[PDB]
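Close look at the chain arrangement
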Amino acid sequence: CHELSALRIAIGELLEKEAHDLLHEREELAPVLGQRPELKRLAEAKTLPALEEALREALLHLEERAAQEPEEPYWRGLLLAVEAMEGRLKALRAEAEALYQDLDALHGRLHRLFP
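Residues numbered from 1 in each chain as written, not as in the entry; some residues may be left out. Heavy atoms only, no water.

Per the deposited record, X-ray crystallography is how this structure was determined, to a resolution of 2.220 Å.

As for a nonpolar patch on the surface
Let me state the cut-off plainly: Residues qualify for a patch when their relative accessible area is over 30% and they have no salt bridge, like charges being joined within 9 Å and the nonpolar side chains of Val, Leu, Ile, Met, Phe, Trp and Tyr within 5 Å. Here the open area of atoms and residues is found with the Shrake-Rupley method and a 1.4 Å probe, where only the protein chains shown may cover a residue. Salt-bridge detection follows one rule: a side-chain nitrogen of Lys or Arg within 4 Å of a carboxyl oxygen of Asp or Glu. Labels follow the DSSP assignment, with helices taken as runs of H or I lasting at least four residues and strands as runs of E lasting at least two, numbered in each case from the N terminus.
Nonpolar side chains collect at one region of the surface, where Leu14, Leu15 and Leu92 lie side by side and expose about 290 Å² of accessible area between them. Relative to the elements of secondary structure, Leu92 occurs in helix α5 (residues 73-113).

A closer look at the UniProt feature "coiled-coil region" (unreviewed entry) in the protein chain
Here is the rule we go by: UniProt positions are given in the numbering used here, feature names are shortened, and annotations may be inferred rather than shown by experiment.
This chain's UniProt record puts "coiled-coil region" (unreviewed entry) on residues 82-109. Counted over residues 82-109, helix gives 100% and strand 0%. Its end C-alpha atoms are 40 Å apart.

Side note on helix α4 (residues 48-68)
Cut-off, in case you're wondering: To estimate how far a helix should extend, the number of its residues minus one is multiplied by 1.5 Å. Remark: exposure states derive from per-residue accessible area (1.4 Å probe, protein chains only) relative to the maximum for the residue type, with buried under 20%, exposed over 50%, and partly exposed in between. Of all possible arcs, the one meant is that of the directions from the helix axis to the C-beta atoms. Whether two residues are in contact is decided by their heavy atoms, any of which lying within 4.5 Å being enough. By the criterion applied in these results, polar contacts are pairs of N or O atoms within 3.5 Å in which, for protein atoms, one can donate a hydrogen and the other can accept it, and in which residues neighboring in sequence qualify only through two side-chain atoms.
Its 21 residues place the ends of α4 30 Å apart at the C-alpha level, agreeing with the 30 Å of an ideal helix rising 1.5 Å per residue. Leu48, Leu51, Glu52, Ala54, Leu55, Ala58, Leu59, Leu62 and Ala66 are the residues of α4 that are buried. Along the long axis of α4, the arc covered by the buried residues comes to 160°, so they all point the same way. Projecting away from the buried face of α4 at angles above 90 degrees are the exposed residues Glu53, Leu60, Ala67 and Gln68. If you follow the buried residues of α4, they end up packed against α1 (2-14), α3 (37-44) and α5. The opening residue of α4, the one whose side-chain oxygen lies 3.1 Å from the backbone nitrogen of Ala50, is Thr47.

Focus on the side chain of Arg36
Looking at where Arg36 falls in the secondary structure, it is placed in the loop between α2 (23-29) and α3. With a relative accessible area of 6%, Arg36 lands in the buried category. Polar side-chain contacts of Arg36 include one of 3.5 Å to the side chain of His61. Those residues in contact with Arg36, other than ones at most four positions away along the chain, are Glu3, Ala58 and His61.

Some words on the nonpolar core
Using the following cut-off: Side-chain atoms within 4.5 Å link the members of a nonpolar core, which is a set of buried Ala, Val, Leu, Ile, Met, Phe, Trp, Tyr and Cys residues.
Within the largest apolar cluster, 24 residues are counted, with the highest numbers of intra-cluster contacts made by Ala6, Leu29, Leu42, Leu51, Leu55, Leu62 and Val82. Those elements that provide at least two residues to this core are α1, α3, α4 and α5. No other element matches the eight residues that α4 contributes to this core. Setting aside chain neighbours within four positions, we find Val82 in contact with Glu3, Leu4, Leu55, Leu59 and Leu62.

Considering the pattern of salt bridges
In total, this model carries seven salt bridges according to the counting rule given. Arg36 serves as the salt-bridge partner of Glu38, at 2.7 Å between the closest nitrogen and oxygen. Taken individually, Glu38 and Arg36 each receive the classification buried, so the pair is uniform in this respect. Close ionic contact of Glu52 with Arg93 constitutes a salt bridge, the shortest N to O distance being 2.9 Å. One end of the pair, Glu52, is in helix α4; the other, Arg93, is in helix α5, and 41 residues separate them in sequence. Judged by relative accessible area, which is 10%, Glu52 ranks as buried. Each of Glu3, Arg36 and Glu38 takes part in a single network of salt bridges with overlapping partners.

In structure tokens form, the structure reads like this:
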């Protein structure tokens, strides 16, 4: 579940969680970051785009692992879980995006209602 941890860390940083709150997630991840650079990039992503990009990288690795060990349904369960979350992450980004665009129109709207 290294993918879920790394992802929880990035969202945590974005929410400024107290360091101790992400303690065990950083401990589980620490040892595998060497063999997996994407996990490191994922945990430290600071922008949504970079977050999604690092996540896509992690899904490739997970996809590979699942194809290599077809007998263990756990990997296929992890894939489905990471993908569901990716969907929610994209949803969060679309929301920020919508907010972004609406900031612009509103500005134009104020101008017209107050010539």
